[PDB]
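Presented below, as structure tokens, is a lone chain in the form deposited in one PDB entry.
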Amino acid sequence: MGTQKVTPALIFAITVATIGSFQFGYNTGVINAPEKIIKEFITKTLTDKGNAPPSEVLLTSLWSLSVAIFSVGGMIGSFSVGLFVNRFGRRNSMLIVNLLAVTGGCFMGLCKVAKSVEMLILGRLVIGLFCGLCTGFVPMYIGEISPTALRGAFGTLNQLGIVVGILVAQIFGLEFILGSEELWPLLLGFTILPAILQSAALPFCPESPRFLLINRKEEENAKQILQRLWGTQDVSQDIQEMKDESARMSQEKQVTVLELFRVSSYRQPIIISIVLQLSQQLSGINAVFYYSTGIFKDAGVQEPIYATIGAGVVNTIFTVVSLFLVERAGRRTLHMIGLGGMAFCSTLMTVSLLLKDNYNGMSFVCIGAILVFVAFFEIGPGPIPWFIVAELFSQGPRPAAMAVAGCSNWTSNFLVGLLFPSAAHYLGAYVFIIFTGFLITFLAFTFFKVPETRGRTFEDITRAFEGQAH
């Protein structure tokens, strides 16, 4: 660190940014607990308007739309990240898009009194747009304001906000909290509250000093930001690194999404970036999490909701473990340990489910395998893919790269949700071997192809890719 310090100003800026992370986690998790209540809302709304009651097929299809349109919004929003952050700045983009959060939140909060299934769906779409933007904005901002020596640790706070968001959503989802037939619209509308808090705090957060110096050529203002954030007058090493990046950006053509795949020095890190997002989603994490309640039930958990909240707690604990290890073990090591551990547990899910009707003891192995799967997920594959894309690129290509990588993350999530039910229908317990196959494939990819980013400047990493390309 040298004379660099973790100041209250720095902790403030990072924590305020991760309110967006919290929003992504909350909106991801919140819809699941009130599924039956929301289906009753859809039924009653259709018949209140005079229609025939929907079949189970239509209810399932409208429920699935309500859930999945969030991912569609996220695909669009994440892909749009580059547009916003280069035009408005990183801090200013986070401020502006809270208009989407409050709007989507109000649509969801008002859909019941408006007796409108359309408003629920529109609300989920709009909050999806917002969350997709957040998943790119937050690790970018944190990556650009963090001291290099702590960039991974601070990057992991993005995922910590996400898993805290999921857990709070699960806890609120309880029937005696906000998950009642009465108040479920408030469960959804809750997302307006972190938006108001974040929006009030964001003006007092600095704009990215990298955006200021490199994109806007405001060296003096950037230097003063760093000096305050890092609690030291001496920031020459970092300013000169940014000036090197400014020279680079001035010497490279304006970056487009398509160019990322055409240029060898860009194609290596964008393929790494995309494959790392795939390793996160094609792990099956959201399928395992969503369907955990039913799997727990089938293995004999009498009160499955408590096991799923237990998973949410494990989810949080091991994100904190990752936080404390990622600068020591490095990104490569934690990502590989997580992928390998998940491959073991997903295989054990298949084996235990195949055996449990003959050997009941294997029921408990199944329950344990899901919990340990989540633990290994958060050791690396949860936190690292979101922030590592910021690390793999210099200032110029970073927004387009995070747009592409973030979109690939949301899109692969969408595909898992779309295809998993059919795959499970044909393969039964063997469906989890599909995730095992991906996990192993990406474990091999990570070992051979993913560079260690810990403690390295963006310019260091970029020069290394150019050297490999040459």
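Just count from 1 along the sequence shown to find any residue number. Superpose the two forms; the largest set of C-alphas matching within 1.5 Å is the rigid core.
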Problem - Mean temperature factor over C-alpha atoms, higher-scoring stretch between 394-402 and 248-256 - result: 248-256
Handout entry: Greater mean Cα temperature factor according to the PDB record, 47-55 or 420-428
Key = 47-55
Fill in the blank from the handout: From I177, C134, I166, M342, the top C-alpha temperature factor is at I177
Practice task
Just grab whichever of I370, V113, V321, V102 has the top CA B-factor as deposited.
Solution key: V113
Problem - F377, C-alpha B-factor rank within chain (lowest, middle or highest third) - result: lowest
Completion exercise
On the chain's distribution of Cα B-factors, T436 falls within the third called lowest
Practice task
Would you mind checking where the Cα B-factor of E207 ranks among the modelled residues of its chain, as the lowest, middle or highest third?
Solution key: middle
Fill in the blank from the handout: Split the chain's modelled residues into thirds by Cα B-factor; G173 lands in the highest
Practice task
Consider only the C-alpha atoms of the modelled residues in this chain, order them by B-factor as the entry records it, and name the third containing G123: lowest, middle or highest.
Solution key: middle
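As for the form deposited in another entry, it is not shown, yet the points below apply to it.
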Exercise for the section: Determine, with the core as the superposition reference, the one member of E327, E218, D298, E175 that shifts its CA by 2 Å or more between the shown form and the other one. Expected result: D298
Exercise for the section: Inspect the rigid-core superposition and answer whether the C-alpha of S422 shifts by 2 angstroms or more between the shown form and the other one. Expected result: no
Practice task
Align both forms on the core first, then report whether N92 has a C-alpha shift of 2 Å or more between the shown form and the other one.
Solution key: no
Exercise for the section: Verify the C-alpha shift of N286 between the shown form and the other one: is it 2 Å or more after superposing the core? Expected result: yes
